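Engineer: First the structure, then my questions, so here it is.
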Amino acid sequence: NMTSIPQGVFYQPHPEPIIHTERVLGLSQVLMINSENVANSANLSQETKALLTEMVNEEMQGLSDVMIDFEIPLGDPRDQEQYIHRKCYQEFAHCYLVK
Amino acid sequence: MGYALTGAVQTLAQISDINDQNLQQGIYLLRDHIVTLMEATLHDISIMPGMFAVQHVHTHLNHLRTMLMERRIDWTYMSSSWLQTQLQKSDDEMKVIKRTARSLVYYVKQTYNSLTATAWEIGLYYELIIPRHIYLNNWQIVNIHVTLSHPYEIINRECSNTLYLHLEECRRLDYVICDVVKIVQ
Amino acid sequence: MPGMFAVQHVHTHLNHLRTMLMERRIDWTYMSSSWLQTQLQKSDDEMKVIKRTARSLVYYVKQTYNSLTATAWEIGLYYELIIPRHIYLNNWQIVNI
Amino acid sequence: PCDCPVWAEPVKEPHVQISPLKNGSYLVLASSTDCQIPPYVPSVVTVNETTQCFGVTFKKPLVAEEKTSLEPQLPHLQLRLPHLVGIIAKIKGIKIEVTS
Ligand SMILES: *[C@@H]1O[C@H](CO)[C@@H](O[C@@H]2O[C@H](CO)[C@@H](O)[C@H](O)[C@H]2NC(C)=O)[C@H](O)[C@H]1NC(C)=O
Ligand SMILES: *[C@@H]1O[C@H](CO)[C@@H](O[C@@H]2O[C@H](CO)[C@@H](O)[C@H](O)[C@H]2NC(C)=O)[C@H](O)[C@H]1NC(C)=O
Ligand SMILES: *[C@@H]1O[C@H](CO)[C@@H](O[C@@H]2O[C@H](CO)[C@@H](O)[C@H](O)[C@H]2NC(C)=O)[C@H](O)[C@H]1NC(C)=O
Ligand SMILES: *[C@@H]1O[C@H](CO)[C@@H](O)[C@H](O)[C@H]1NC(C)=O
């Protein structure tokens with residue numbers, strides 16, 4: 001059986017889909033990790049916390065060592081109102097004074 | 001030391017302004033950051049007594065690293081329902097948006113250091129590309145001494161409809177995304 | 001780490017090593033950073049750029065002692081580190097119109 | 001910066017070269033004198049009101065906060081005018097070197 005490919009063009013499958021670009025959005029997220037907060041819920045012993053802090057620091061140093069810093073032109077995240085509330089609550093939520 | 005991205009940038013203010021009819025292609029940013037706590041993202045830290053808890057944290061933390069080394073976003077710290085409701089997109093649109101998303105780390109800082117308690121902060125910059133035209137079924141053209149030349153390089157066939165697509169200035173990700181596509185007879 | 005916990009730890013760490021070696025990357029938990037930094041006398045940024053762009057290779061895995069209770073394995077690893085001479089961070093690409 | 005050769009190619013008029021950018025401007029190459037564009041000089045254009053020129057719709061940008069730039073201010077130099085060499089371009093059309 002002989003067939004003539006019309007018009008001088010042949011075609012093969014291409015599994016990769018195609019996407020047409022539109023407005024490209026970007027957002028910034030600041031993630032804060034505190035060992036004390038997770039320690040309180042776990043009812044965790046003193047020596048076990050001494051182990052947990054070192055376990056966290058090893059991974060944090062490993063992550064921070066293999067990446068260099070860049071500059072996002074958004075601005076300073078300090079002045080954000082939500083960040084202020086979150087930062088006060090992370091550490092100073094449950095402290096009181098009695099006279 | 002520290003690199004930089006230079007040039008003034010346009011900003012969308014509130015997040016639901018991405019879908020309009022008066023803005024064109026470009027890089028758009030949000031005015032305010034998103035503050036996230038690891039202890040608030042995990043829904044099962046409690047009800048895990050003894051040593052088990054630390055293991056959980058370790059595992060999850062390890063997973064995060066296995067993400068950030070590959071320039072990919074871990075969505076355990078980003079609720080899908082919130083973004084889906086803000087963008088008002090379809091399920092397939094959400095899938096294609098999340099699949100082809102890349103991340104970047106621009107500062108890791110240690111605030112409180114001690115023999116028992118430690119605290120860390122991580123900055124993450126994302127980039128999401130919303131679609132305008134998605135093509136699933138497509139065929140690639142080969143030409144087989146007369147050699148007639150052609151403008152179209154991809155062809156589409158779906159719903160008994162045939163289209164001819166030409167591509168230019170195209171970047172490659174897990175999928176194929178590109179900006180200049182014009183239908184040519 | 002008493003009881004069964006210990007084996008879990010090993011498993012996790014071992015799994016991590018595999019997730020490294022499949023991607024041709026170096027896991028530095030078995031290579032002290034302070035030793036190499038002191039031997040090379042480089043800066044922190046130089047250390048970061050050196051470690052980021054380092055590749056590894058496995059050239060022999062051998063099983064020495066085999067039994068129903070005790071086992072021992074040996075792994076050979078070949079690394080390649082590229083020290084820098086001139087690093088350029090800010091740069092622009094030229095198009096001609 | 002340029003000792004660098006030159007080679008050109010002629011094209012069948014007309015041609016419209018419009019390149020959008022990612023900050024709210026446009027690149028226009030004028031092969032004719034139409035709309036509002038000086039002839040025979042490529043340029044970058046930013047519009048004020050939403051118009052439709054050269055078979056392409058235009059949209060105005062939005063106010064952006066000024067920031068310090070690291071832009072590469074480029075030097076300046078001219079080229080050779082005589083048209084006789086350009087006749088060779090009409091002969092073949094393949095980009096052929098003319099010394100500079
Ligand atoms: C951590 O400790 C707290 C309090 O010590 C536990 O909270 C109580 O747990 C007991 C059971 O041990 C329950 O009967 C109570 O209803 C809980 N609440 C209060 C207010 O007493 C908590 O369960 C412990 N977490 C563990 C063991 O994982
Ligand atoms: C494993 O066993 C050894 C010895 O059986 C433990 O070492 C002793 O552990 C006890 C507590 O069980 C301590 O009071 C001693 O000071 C330890 N040393 C000596 C020389 O006796 C070791 O702690 C055990 N490891 C565990 C349980 O993880
Ligand atoms: C978008 O970018 C263009 C290109 O830079 C800006 O136009 C001028 O470009 C020259 C050199 O590139 C600069 O020296 C000028 O300062 C730029 N103009 C201004 C007003 O700063 C253009 O301004 C940018 N912004 C838009 C179009 O909104
Ligand atoms: C292909 O060849 C077979 C014989 O093996 C024949 O029966 C069939 O009709 C042919 N198909 C065509 C000519 O389209």
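So you can find residues: chains in the structure tokens are A, B, ... in the order shown, residues in each start at 1, and ligands are numbered from 1 in order.
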At a cut-off of 9 Å, using only C-alpha atoms, what residues contact residue 68 (chain D)? Leave out same-chain residues fewer than 6 positions from it and give the result as a ChimeraX atom specification.
Structural biologist: /B:6-8
Engineer: Going by DSSP on the backbone, which residues of chain D come out as helix (DSSP H, G or I)? List them as a list in words.
Structural biologist: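 Result set for chain D (helix (DSSP H, G or I)): residues 84, 85, 86, 87, 88, 89, 90 and 91 of chain D.
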Engineer: Only residues of chain C matter here; which ones have an atom within 9 Å of chain B, counting only C-alpha atoms? Give them as a list in words.
Structural biologist: residues 5, 9, 12, 16, 19, 44, 45, 46, 89 and 90 of chain C
Engineer: Now that the selection is made, can you save its residues with C-alpha atoms as a CSV table (one decimal), in the first residue's frame?
Structural biologist:
```csv
chain,number,residue,atom,x,y,z
C,5,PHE,CA,12.8,5.3,67.5
C,9,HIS,CA,15.9,8.0,62.5
C,12,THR,CA,14.7,8.9,57.5
C,16,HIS,CA,17.3,11.7,52.4
C,19,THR,CA,16.9,11.7,47.4
C,44,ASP,CA,31.0,32.9,53.3
C,45,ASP,CA,29.6,34.0,49.9
C,46,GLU,CA,32.4,32.0,48.1
C,89,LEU,CA,25.6,39.3,39.9
C,90,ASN,CA,23.9,42.2,38.2
```
Engineer: Please return as an mmCIF file with N, CA and C atoms, in the first residue's frame the residues found within 7 Å of ligand 3, counting only C-alpha atoms and all ligand atoms.
Structural biologist:
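What follows is the written file selection09.cif:
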```cif
data_model
loop_
_atom_site.group_PDB
_atom_site.id
_atom_site.type_symbol
_atom_site.label_atom_id
_atom_site.label_comp_id
_atom_site.auth_asym_id
_atom_site.auth_seq_id
_atom_site.Cartn_x
_atom_site.Cartn_y
_atom_site.Cartn_z
ATOM 1 N N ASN D 23 6.924 46.552 31.031
ATOM 2 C CA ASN D 23 6.803 47.636 31.998
ATOM 3 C C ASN D 23 5.802 48.700 31.565
ATOM 4 N N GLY D 24 5.163 48.550 30.407
ATOM 5 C CA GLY D 24 4.156 49.500 29.976
ATOM 6 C C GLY D 24 4.597 50.397 28.839
ATOM 7 N N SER D 25 5.410 49.862 27.930
ATOM 8 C CA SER D 25 5.883 50.605 26.772
ATOM 9 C C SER D 25 5.803 49.702 25.548
ATOM 10 N N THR D 46 5.391 55.293 24.743
ATOM 11 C CA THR D 46 4.430 55.128 25.823
ATOM 12 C C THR D 46 3.260 56.063 25.558
ATOM 13 N N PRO D 61 -0.292 52.687 31.157
ATOM 14 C CA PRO D 61 0.186 52.054 32.389
ATOM 15 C C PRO D 61 -0.403 52.749 33.614
#
```
Engineer: Quick one: residues within 10 Å of ligand 4, with only C-alpha atoms and all ligand atoms, as a ChimeraX atom specification?
Structural biologist: /A:1-3
Engineer: Kindly provide the residues of chain B that approach ligand 1 to within 12 Å, each paired with its closest atom pair and their distance in Å to one decimal, based on only C-alpha atoms and all ligand atoms, listed by chain and increasing number, as CSV.
Structural biologist:
```
residue,atom,partner,partner_atom_place_in_ligand_line,distance
B:44,CA,ligand 1,28 (O),10.6
B:45,CA,ligand 1,28 (O),9.0
B:46,CA,ligand 1,28 (O),6.0
B:47,CA,ligand 1,28 (O),4.4
B:48,CA,ligand 1,28 (O),4.9
B:49,CA,ligand 1,28 (O),3.9
B:50,CA,ligand 1,28 (O),7.2
B:51,CA,ligand 1,28 (O),10.2
B:52,CA,ligand 1,28 (O),9.8
B:53,CA,ligand 1,28 (O),8.9
```
Engineer: Starting from chain B, keep only residues with some atom at most 8 Å from an atom of chain D, counting only C-alpha atoms, and report them as a PyMOL selection string.
Structural biologist: chain B and resi 6-11+22-27
Engineer: Ligand 2: which residues are within 10 Å, counting only C-alpha atoms and all ligand atoms? Reply as a VMD selection string.
Structural biologist: chain C and resid 1 to 3 5 to 6
